[PDB]
């Protein structure tokens, strides 16, 4: 069928726009995922020695393009930083609708009382570290980046499930393993790649 039958066979949480990501009620400040992501992207570009005045920090490339703001010679470094961000969240609770560019957050519905990540929240959190700003919905994430045949997926590519990638999303680690925020009551985990429900393409956000 069209779905990974180990997970709920429904579209993933679809949270619109540019959510508030950081709140400090003592200082009186708040800022959105796009603001936090831009900040991280500028820092990353500055650490590569390439920050320019025209850089907002959002390092997004046009959907389908094989060229982006992060130079190819630095793409492995960028991918490894994204993977280390994601892996640092191993053990954080799953929460449906949870997560933003700054970390786990309260979800919606089954995730309303849990600070955690859902599938697309973990992906967006991870990639935010290098300025790549992703929407909080797996199906919208599936329409960005560049498609790679699933048979040719590589470490750092992003695996999708369900029609239009709507059900679930994970980060491929190589060697048949993936990082994911799986389902209610579980934790961010490494698990074997599942092929049931997998789309015929993975998405590459960082070229190298």
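Residue numbers count along the first chain shown, from 1.
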| query | finding |
| --- | --- |
| Between 53 to 61 and 172 to 180 (mean CA B-factor, as deposited), the higher | 53 to 61 |
| Of 163 to 171 and 62 to 70, the one with larger mean CA B-factor | 62 to 70 |
| C-alpha B-factor winner, where the candidates are 38, 144, 27, 158 | 27 |
| Highest-ranked of 188, 22, 191, 13 once sorted by CA temperature factor in the record | 22 |
| Chain third (lowest, middle, highest) by recorded CA B-factor, residue given as residue 114 | highest |
| Ranked against its chain, the third holding the CA B-factor of residue 31 | highest |
| Position of residue 108 among the chain's modelled residues by C-alpha B-factor, lowest, middle or highest third | highest |
